[PDB]
>>> print(open('model_13.cif').read())   # mmCIF, C-alpha atoms and all ligand atoms
data_my_file
#
loop_
_atom_site.group_PDB
_atom_site.id
_atom_site.type_symbol
_atom_site.label_atom_id
_atom_site.label_comp_id
_atom_site.auth_asym_id
_atom_site.auth_seq_id
_atom_site.Cartn_x
_atom_site.Cartn_y
_atom_site.Cartn_z
ATOM 1 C CA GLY A 1 -0.449 18.797 4.098
ATOM 2 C CA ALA A 2 -1.274 17.488 7.614
ATOM 3 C CA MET A 3 -0.386 19.971 10.448
ATOM 4 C CA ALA A 4 1.918 17.373 12.112
ATOM 5 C CA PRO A 5 2.432 14.579 9.549
ATOM 6 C CA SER A 6 2.321 11.137 11.316
ATOM 7 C CA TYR A 7 2.437 7.357 10.723
ATOM 8 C CA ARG A 8 -0.212 5.102 12.317
ATOM 9 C CA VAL A 9 -1.132 1.411 11.977
ATOM 10 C CA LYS A 10 -4.604 -0.175 12.143
ATOM 11 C CA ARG A 11 -5.565 -3.868 12.098
ATOM 12 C CA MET A 12 -8.706 -3.841 9.921
ATOM 13 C CA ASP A 13 -10.028 -3.979 6.330
ATOM 14 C CA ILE A 14 -8.521 -1.095 4.224
ATOM 15 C CA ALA A 15 -11.971 -0.913 2.455
ATOM 16 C CA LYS A 16 -13.286 0.677 5.770
ATOM 17 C CA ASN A 17 -10.434 3.340 5.960
ATOM 18 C CA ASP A 18 -10.952 6.901 7.307
ATOM 19 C CA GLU A 19 -8.398 8.546 4.932
ATOM 20 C CA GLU A 20 -8.766 10.866 1.879
ATOM 21 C CA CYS A 21 -7.435 8.179 -0.555
ATOM 22 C CA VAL A 22 -6.468 4.477 -0.678
ATOM 23 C CA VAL A 23 -3.527 2.537 -2.131
ATOM 24 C CA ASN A 24 -4.517 -0.794 -3.734
ATOM 25 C CA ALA A 25 -2.040 -3.723 -3.693
ATOM 26 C CA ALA A 26 -2.920 -4.222 -7.389
ATOM 27 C CA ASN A 27 -2.006 -6.757 -10.058
ATOM 28 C CA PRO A 28 -0.531 -5.512 -13.341
ATOM 29 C CA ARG A 29 -3.684 -6.411 -15.379
ATOM 30 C CA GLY A 30 -6.253 -4.479 -13.328
ATOM 31 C CA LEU A 31 -8.027 -7.751 -12.411
ATOM 32 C CA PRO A 32 -10.176 -8.119 -9.258
ATOM 33 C CA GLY A 33 -7.479 -10.425 -7.762
ATOM 34 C CA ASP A 34 -7.309 -11.754 -4.148
ATOM 35 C CA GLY A 35 -6.906 -10.316 -0.591
ATOM 36 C CA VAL A 36 -6.593 -6.462 -0.364
ATOM 37 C CA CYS A 37 -7.143 -6.205 -4.180
ATOM 38 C CA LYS A 38 -10.540 -8.062 -4.055
ATOM 39 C CA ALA A 39 -11.699 -5.937 -1.017
ATOM 40 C CA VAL A 40 -10.778 -2.799 -3.029
ATOM 41 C CA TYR A 41 -12.622 -4.179 -6.133
ATOM 42 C CA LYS A 42 -15.806 -4.804 -4.032
ATOM 43 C CA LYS A 43 -15.708 -1.261 -2.459
ATOM 44 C CA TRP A 44 -14.503 0.826 -5.488
ATOM 45 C CA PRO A 45 -15.128 -1.252 -8.661
ATOM 46 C CA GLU A 46 -15.379 1.912 -10.862
ATOM 47 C CA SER A 47 -11.654 2.530 -10.026
ATOM 48 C CA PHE A 48 -10.665 -0.552 -12.133
ATOM 49 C CA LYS A 49 -11.443 1.176 -15.481
ATOM 50 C CA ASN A 50 -8.016 1.232 -17.323
ATOM 51 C CA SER A 51 -6.154 0.549 -14.022
ATOM 52 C CA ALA A 52 -3.668 -1.979 -15.630
ATOM 53 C CA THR A 53 -0.042 -0.730 -15.141
ATOM 54 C CA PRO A 54 3.421 -2.389 -15.065
ATOM 55 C CA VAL A 55 5.253 -3.812 -12.022
ATOM 56 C CA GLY A 56 7.030 -1.067 -10.041
ATOM 57 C CA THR A 57 4.420 1.638 -10.985
ATOM 58 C CA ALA A 58 1.273 3.278 -9.580
ATOM 59 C CA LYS A 59 -1.765 4.461 -11.559
ATOM 60 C CA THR A 60 -4.576 6.489 -9.901
ATOM 61 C CA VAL A 61 -8.265 6.094 -10.995
ATOM 62 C CA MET A 62 -11.090 8.101 -9.371
ATOM 63 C CA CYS A 63 -14.164 6.343 -7.860
ATOM 64 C CA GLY A 64 -16.460 9.413 -7.844
ATOM 65 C CA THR A 65 -14.034 11.951 -6.306
ATOM 66 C CA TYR A 66 -12.271 9.323 -4.081
ATOM 67 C CA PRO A 67 -8.772 8.448 -5.482
ATOM 68 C CA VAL A 68 -7.661 4.782 -5.706
ATOM 69 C CA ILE A 69 -3.870 4.573 -6.297
ATOM 70 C CA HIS A 70 -3.194 1.128 -7.923
ATOM 71 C CA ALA A 71 0.361 0.217 -6.824
ATOM 72 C CA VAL A 72 1.895 -2.916 -8.442
ATOM 73 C CA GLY A 73 4.499 -4.637 -6.260
ATOM 74 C CA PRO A 74 6.561 -7.531 -7.670
ATOM 75 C CA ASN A 75 5.510 -11.184 -7.206
ATOM 76 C CA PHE A 76 8.644 -12.645 -5.498
ATOM 77 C CA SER A 77 7.625 -16.070 -6.981
ATOM 78 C CA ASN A 78 8.715 -14.662 -10.412
ATOM 79 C CA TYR A 79 11.446 -12.065 -9.541
ATOM 80 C CA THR A 80 14.960 -12.668 -8.095
ATOM 81 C CA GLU A 81 15.414 -11.246 -4.531
ATOM 82 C CA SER A 82 17.564 -8.418 -6.070
ATOM 83 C CA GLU A 83 15.184 -7.388 -8.915
ATOM 84 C CA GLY A 84 12.110 -7.810 -6.654
ATOM 85 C CA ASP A 85 13.673 -5.533 -4.037
ATOM 86 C CA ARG A 86 14.301 -2.834 -6.761
ATOM 87 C CA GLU A 87 10.698 -3.013 -8.111
ATOM 88 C CA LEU A 88 9.162 -2.974 -4.567
ATOM 89 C CA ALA A 89 11.116 0.209 -3.682
ATOM 90 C CA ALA A 90 10.072 1.729 -7.086
ATOM 91 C CA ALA A 91 6.304 0.999 -6.532
ATOM 92 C CA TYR A 92 6.405 2.965 -3.231
ATOM 93 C CA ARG A 93 8.319 5.933 -4.829
ATOM 94 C CA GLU A 94 5.470 6.122 -7.450
ATOM 95 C CA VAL A 95 2.883 6.057 -4.586
ATOM 96 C CA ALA A 96 4.639 9.066 -2.944
ATOM 97 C CA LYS A 97 4.490 10.992 -6.299
ATOM 98 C CA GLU A 98 0.733 10.260 -6.657
ATOM 99 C CA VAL A 99 -0.115 11.181 -3.023
ATOM 100 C CA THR A 100 1.815 14.474 -3.550
ATOM 101 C CA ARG A 101 0.134 15.239 -6.943
ATOM 102 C CA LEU A 102 -3.386 14.584 -5.489
ATOM 103 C CA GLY A 103 -2.813 17.129 -2.628
ATOM 104 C CA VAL A 104 -4.508 14.812 -0.066
ATOM 105 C CA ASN A 105 -3.826 15.271 3.679
ATOM 106 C CA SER A 106 -4.104 11.494 4.460
ATOM 107 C CA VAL A 107 -3.637 8.097 2.677
ATOM 108 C CA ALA A 108 -4.507 4.460 3.646
ATOM 109 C CA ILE A 109 -1.680 2.051 2.527
ATOM 110 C CA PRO A 110 -1.180 -1.746 2.719
ATOM 111 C CA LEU A 111 2.324 -3.368 2.849
ATOM 112 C CA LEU A 112 3.017 -4.267 -0.829
ATOM 113 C CA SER A 113 4.279 -7.777 -1.759
ATOM 114 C CA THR A 114 3.641 -9.171 1.829
ATOM 115 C CA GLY A 115 0.686 -11.518 0.940
ATOM 116 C CA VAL A 116 0.323 -13.846 -2.108
ATOM 117 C CA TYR A 117 3.234 -11.885 -3.840
ATOM 118 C CA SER A 118 5.676 -12.598 -0.902
ATOM 119 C CA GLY A 119 6.990 -15.869 -2.479
ATOM 120 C CA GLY A 120 6.209 -17.475 0.953
ATOM 121 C CA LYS A 121 8.653 -15.211 2.939
ATOM 122 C CA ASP A 122 8.092 -12.708 5.807
ATOM 123 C CA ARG A 123 8.697 -9.316 4.128
ATOM 124 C CA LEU A 124 7.188 -7.010 6.867
ATOM 125 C CA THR A 125 10.517 -5.184 7.544
ATOM 126 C CA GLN A 126 11.593 -5.096 3.840
ATOM 127 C CA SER A 127 8.212 -3.702 2.644
ATOM 128 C CA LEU A 128 7.735 -1.254 5.596
ATOM 129 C CA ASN A 129 11.297 0.197 5.193
ATOM 130 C CA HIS A 130 10.618 0.867 1.471
ATOM 131 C CA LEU A 131 7.287 2.523 2.485
ATOM 132 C CA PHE A 132 9.183 4.809 4.959
ATOM 133 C CA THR A 133 11.928 5.627 2.357
ATOM 134 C CA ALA A 134 9.253 6.844 -0.112
ATOM 135 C CA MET A 135 6.709 8.497 2.245
ATOM 136 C CA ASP A 136 9.122 10.241 4.724
ATOM 137 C CA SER A 137 9.455 13.370 2.459
ATOM 138 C CA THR A 138 5.604 13.624 2.040
ATOM 139 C CA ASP A 139 3.412 15.640 4.487
ATOM 140 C CA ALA A 140 0.339 13.362 4.312
ATOM 141 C CA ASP A 141 -0.859 11.479 7.442
ATOM 142 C CA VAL A 142 -0.066 7.820 6.530
ATOM 143 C CA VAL A 143 -2.249 5.031 7.982
ATOM 144 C CA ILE A 144 -0.912 1.489 7.385
ATOM 145 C CA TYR A 145 -3.550 -1.316 7.290
ATOM 146 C CA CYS A 146 -2.709 -4.949 8.267
ATOM 147 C CA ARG A 147 -4.722 -8.127 9.247
ATOM 148 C CA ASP A 148 -2.334 -10.043 11.602
ATOM 149 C CA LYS A 149 -2.174 -9.249 15.372
ATOM 150 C CA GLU A 150 1.637 -9.904 15.580
ATOM 151 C CA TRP A 151 2.234 -7.708 12.435
ATOM 152 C CA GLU A 152 0.237 -4.838 14.073
ATOM 153 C CA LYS A 153 2.612 -5.016 17.132
ATOM 154 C CA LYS A 154 5.785 -5.110 14.915
ATOM 155 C CA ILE A 155 4.622 -2.198 12.642
ATOM 156 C CA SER A 156 3.601 -0.122 15.741
ATOM 157 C CA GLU A 157 7.059 -0.779 17.333
ATOM 158 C CA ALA A 158 8.885 0.255 14.080
ATOM 159 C CA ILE A 159 6.862 3.546 13.914
ATOM 160 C CA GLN A 160 7.373 4.412 17.648
ATOM 161 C CA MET A 161 11.164 3.590 17.478
ATOM 162 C CA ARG A 162 11.811 6.487 15.006
ATOM 163 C CA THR A 163 9.706 9.066 17.046
HETATM 164 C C1 LIG B 1 -5.258 -5.694 5.646
HETATM 165 N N1 LIG B 1 -6.613 -5.983 6.079
HETATM 166 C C2 LIG B 1 -7.365 -6.905 5.480
HETATM 167 O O1 LIG B 1 -7.067 -7.390 4.385
HETATM 168 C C3 LIG B 1 -8.626 -7.314 6.191
HETATM 169 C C4 LIG B 1 -9.745 -7.794 5.565
HETATM 170 N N2 LIG B 1 -10.707 -8.122 6.484
HETATM 171 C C5 LIG B 1 -12.025 -8.666 6.179
HETATM 172 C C6 LIG B 1 -10.219 -7.860 7.746
HETATM 173 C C7 LIG B 1 -10.804 -8.059 8.990
HETATM 174 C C8 LIG B 1 -10.074 -7.732 10.123
HETATM 175 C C9 LIG B 1 -8.795 -7.204 10.015
HETATM 176 C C10 LIG B 1 -8.213 -7.003 8.768
HETATM 177 C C11 LIG B 1 -8.921 -7.341 7.612
HETATM 178 CL CL CL B 2 -12.411 -5.180 9.680
HETATM 179 CL CL CL B 3 0.693 -9.155 -1.929
HETATM 180 CL CL CL B 4 -1.004 -8.602 7.878
#
>>> encode(input="model_13.cif", output="structure tokens", more="lines below")
Ligand SMILES: CNC(=O)c1cn(C)c2ccccc12
Ligand SMILES: [Cl-]
Ligand SMILES: [Cl-]
Ligand SMILES: [Cl-]
Amino acid sequence: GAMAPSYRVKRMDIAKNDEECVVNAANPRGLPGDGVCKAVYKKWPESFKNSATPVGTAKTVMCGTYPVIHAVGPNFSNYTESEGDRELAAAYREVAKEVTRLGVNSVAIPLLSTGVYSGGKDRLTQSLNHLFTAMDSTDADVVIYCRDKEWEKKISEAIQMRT
């Protein structure tokens, strides 16, 4: 575990993270995809061997000794708000199990279902609260990666509010 487990947020490419493992915002078919998924494919392509996994689950594949945790959030274009919410919470609970099993002291994590799987809605608060619900009982240092300057502010405020 980390000596004083923390949450932090950085506005940069998750492919350049300084953590002991990475969470991919994966698709269910283990395809290169778009956005975070395509950055992860370019950096750790070996990690996409047998990475396909259902919605609401996480599957870890090693790139050398570096773990890539493929976490499949729901596409809110296809799911109802209710079922999508259930699967998004489930994907993060599976991430917490994997982080724990791996014994890492730190993990880089994107906000699942906030990009092309958002169904054109702002899901910052919904996705971040499910992240907190899952990761709060873990002792890894969590570093959240985002792209948008206003999202960085909001995520930073949400972290600092609970401290
Ligand atoms: C979540 N972060 C990303 O997907 C990013 C990808 N690139 C190329 C970036 C450049 C500046 C800041 C963030 C990103
Ligand atoms: Cl960057
Ligand atoms: Cl997404
Ligand atoms: Cl963002």
>>> closest_residue(input="model_13.cif", among="A:52, A:142, A:112, A:23", to="residue A:85", atoms="only C-alpha atoms")
A:112
>>> closest_atom_pairs(input="model_13.cif", of="chain A", to="ligand CL 3 (chain B)", cutoff="9 Å", atoms="only C-alpha atoms and all ligand atoms", output="CSV")
residue,atom,partner,partner_atom,distance
A:25,CA,B:CL3,CL,6.3
A:26,CA,B:CL3,CL,8.2
A:27,CA,B:CL3,CL,8.9
A:34,CA,B:CL3,CL,8.7
A:35,CA,B:CL3,CL,7.8
A:36,CA,B:CL3,CL,7.9
A:37,CA,B:CL3,CL,8.7
A:73,CA,B:CL3,CL,7.3
A:74,CA,B:CL3,CL,8.4
A:75,CA,B:CL3,CL,7.4
A:110,CA,B:CL3,CL,8.9
A:111,CA,B:CL3,CL,7.7
A:112,CA,B:CL3,CL,5.5
A:113,CA,B:CL3,CL,3.8
A:114,CA,B:CL3,CL,4.8
A:115,CA,B:CL3,CL,3.7
A:116,CA,B:CL3,CL,4.7
A:117,CA,B:CL3,CL,4.2
A:118,CA,B:CL3,CL,6.1
>>> closest_residue(input="model_13.cif", among="A:104, A:12, A:68, A:146", to="ligand CL 4 (chain B)", atoms="all atoms listed in the file")
A:146
>>> residues_near_point(input="model_13.cif", point="(-11.5, 7.2, -8.0)", cutoff="12 Å", atoms="all atoms listed in the file", output="list in words")
residues 20, 21, 22, 23, 24, 40, 41, 43, 44, 45, 46, 47, 48, 49, 50, 51, 59, 60, 61, 62, 63, 64, 65, 66, 67, 68, 69, 70 and 102 of chain A
>>> residues_near_ligand(input="model_13.cif", ligand="ligand CL 4 (chain B)", cutoff="6 Å", atoms="only C-alpha atoms and all ligand atoms", output="PDB file with C-alpha atoms, in the coordinates of the input")
ATOM      1  CA  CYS A 146      -2.709  -4.949   8.267  1.00  0.00           C
ATOM      2  CA  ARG A 147      -4.722  -8.127   9.247  1.00  0.00           C
ATOM      3  CA  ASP A 148      -2.334 -10.043  11.602  1.00  0.00           C
ATOM      4  CA  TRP A 151       2.234  -7.708  12.435  1.00  0.00           C
TER       5      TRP A 151
END
>>> atom_distance(input="model_13.cif", atom1="atom CA of residue A:107", atom2="atom CA of residue A:19")
5.3 Å
>>> residues_near_ligand(input="model_13.cif", ligand="ligand CL 2 (chain B)", cutoff="10 Å", atoms="only C-alpha atoms and all ligand atoms", output="ChimeraX atom specification")
/A:10-17,145-147
>>> axis_aligned_box(input="model_13.cif", around="ligand LIG 1 (chain B)", padding_each_side="4 Å", output="JSON")
{"center_x": -8.6, "center_y": -7.2, "center_z": 7.3, "size_x": 14.8, "size_y": 11.0, "size_z": 13.7}
>>> atom_distance(input="model_13.cif", atom1="atom CA of residue A:125", atom2="atom CA of residue A:101")
27.1 Å
>>> atom_distance(input="model_13.cif", atom1="atom CA of residue A:32", atom2="atom CA of residue A:130")
25.1 Å
>>> residues_near_point(input="model_13.cif", point="(-0.4, 12.9, 4.7)", cutoff="7 Å", atoms="only C-alpha atoms", output="NGL selection string")
:A and (1-2 or 5 or 104-107 or 138-142)
>>> closest_residue(input="model_13.cif", among="A:161, A:143, A:88, A:95", to="ligand LIG 1 (chain B)", atoms="all atoms listed in the file")
A:143
>>> closest_residue(input="model_13.cif", among="A:71, A:9, A:122, A:42", to="residue A:99", atoms="only C-alpha atoms")
A:71
>>> closest_residue(input="model_13.cif", among="A:152, A:31, A:137, A:84", to="ligand LIG 1 (chain B)", atoms="only C-alpha atoms and all ligand atoms")
A:152
>>> resolve_selection(input="model_13.cif", expression="the PyMOL selection byres (((chain A and resi 163) around 12) and not hetatm)", output="PDB file with C-alpha atoms, in the coordinates of the input")
ATOM      1  CA  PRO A   5       2.432  14.579   9.549  1.00  0.00           C
ATOM      2  CA  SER A   6       2.321  11.137  11.316  1.00  0.00           C
ATOM      3  CA  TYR A   7       2.437   7.357  10.723  1.00  0.00           C
ATOM      4  CA  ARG A   8      -0.212   5.102  12.317  1.00  0.00           C
ATOM      5  CA  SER A 156       3.601  -0.122  15.741  1.00  0.00           C
ATOM      6  CA  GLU A 157       7.059  -0.779  17.333  1.00  0.00           C
ATOM      7  CA  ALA A 158       8.885   0.255  14.080  1.00  0.00           C
ATOM      8  CA  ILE A 159       6.862   3.546  13.914  1.00  0.00           C
ATOM      9  CA  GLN A 160       7.373   4.412  17.648  1.00  0.00           C
ATOM     10  CA  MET A 161      11.164   3.590  17.478  1.00  0.00           C
ATOM     11  CA  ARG A 162      11.811   6.487  15.006  1.00  0.00           C
TER      12      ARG A 162
END
>>> closest_residue(input="model_13.cif", among="A:82, A:129, A:109, A:150", to="ligand LIG 1 (chain B)", atoms="only C-alpha atoms and all ligand atoms")
A:109
>>> build_atoms(input="model_13.cif", residues="stretch 58-83 of chain A", atoms="N, CA and C atoms", output="short mmCIF file (atom, residue, chain, number, x, y, z; two decimals), in the coordinates of the input")
data_model
loop_
_atom_site.label_atom_id
_atom_site.label_comp_id
_atom_site.auth_asym_id
_atom_site.auth_seq_id
_atom_site.Cartn_x
_atom_site.Cartn_y
_atom_site.Cartn_z
N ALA A 58 2.56 2.99 -10.21
CA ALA A 58 1.27 3.28 -9.58
C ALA A 58 0.45 4.08 -10.58
N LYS A 59 -0.83 3.78 -10.65
CA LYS A 59 -1.76 4.46 -11.56
C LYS A 59 -3.01 4.78 -10.75
N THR A 60 -3.39 6.06 -10.68
CA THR A 60 -4.58 6.49 -9.90
C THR A 60 -5.81 6.54 -10.82
N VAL A 61 -6.94 6.03 -10.35
CA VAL A 61 -8.26 6.09 -11.00
C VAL A 61 -9.24 6.53 -9.93
N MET A 62 -10.07 7.52 -10.27
CA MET A 62 -11.09 8.10 -9.37
C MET A 62 -12.29 7.15 -9.28
N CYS A 63 -12.82 6.95 -8.08
CA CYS A 63 -14.16 6.34 -7.86
C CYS A 63 -15.04 7.48 -7.33
N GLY A 64 -15.87 8.10 -8.19
CA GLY A 64 -16.46 9.41 -7.84
C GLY A 64 -15.39 10.45 -7.76
N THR A 65 -15.17 11.06 -6.59
CA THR A 65 -14.03 11.95 -6.31
C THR A 65 -13.02 11.29 -5.37
N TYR A 66 -13.16 10.00 -5.06
CA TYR A 66 -12.27 9.32 -4.08
C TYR A 66 -11.15 8.66 -4.87
N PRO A 67 -9.86 9.01 -4.67
CA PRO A 67 -8.77 8.45 -5.48
C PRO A 67 -8.32 7.06 -5.00
N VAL A 68 -8.23 6.13 -5.95
CA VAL A 68 -7.66 4.78 -5.71
C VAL A 68 -6.34 4.73 -6.46
N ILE A 69 -5.22 4.59 -5.72
CA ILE A 69 -3.87 4.57 -6.30
C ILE A 69 -3.50 3.08 -6.44
N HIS A 70 -3.53 2.56 -7.66
CA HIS A 70 -3.19 1.13 -7.92
C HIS A 70 -1.69 0.97 -7.99
N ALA A 71 -1.10 0.37 -6.96
CA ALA A 71 0.36 0.22 -6.82
C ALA A 71 0.73 -1.26 -7.04
N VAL A 72 1.56 -1.51 -8.05
CA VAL A 72 1.90 -2.92 -8.44
C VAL A 72 3.28 -3.31 -7.92
N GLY A 73 3.29 -4.03 -6.81
CA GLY A 73 4.50 -4.64 -6.26
C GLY A 73 4.84 -5.90 -7.03
N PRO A 74 6.11 -6.31 -6.99
CA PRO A 74 6.56 -7.53 -7.67
C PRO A 74 6.04 -8.79 -6.97
N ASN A 75 5.77 -9.83 -7.77
CA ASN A 75 5.51 -11.18 -7.21
C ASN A 75 6.86 -11.89 -7.06
N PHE A 76 7.31 -12.09 -5.83
CA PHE A 76 8.64 -12.64 -5.50
C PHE A 76 8.69 -14.14 -5.89
N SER A 77 7.57 -14.74 -6.31
CA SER A 77 7.62 -16.07 -6.98
C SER A 77 8.35 -15.96 -8.33
N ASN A 78 8.25 -14.82 -9.02
CA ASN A 78 8.72 -14.66 -10.41
C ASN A 78 10.03 -13.91 -10.47
N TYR A 79 10.24 -12.94 -9.56
CA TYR A 79 11.45 -12.06 -9.54
C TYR A 79 12.53 -12.71 -8.66
N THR A 80 13.79 -12.46 -8.99
CA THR A 80 14.96 -12.67 -8.10
C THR A 80 14.81 -11.77 -6.86
N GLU A 81 15.42 -12.14 -5.74
CA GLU A 81 15.41 -11.25 -4.53
C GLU A 81 15.90 -9.84 -4.89
N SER A 82 16.95 -9.71 -5.70
CA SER A 82 17.56 -8.42 -6.07
C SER A 82 16.61 -7.57 -6.93
N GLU A 83 16.04 -8.16 -7.99
CA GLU A 83 15.18 -7.39 -8.91
C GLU A 83 13.85 -7.04 -8.22
#
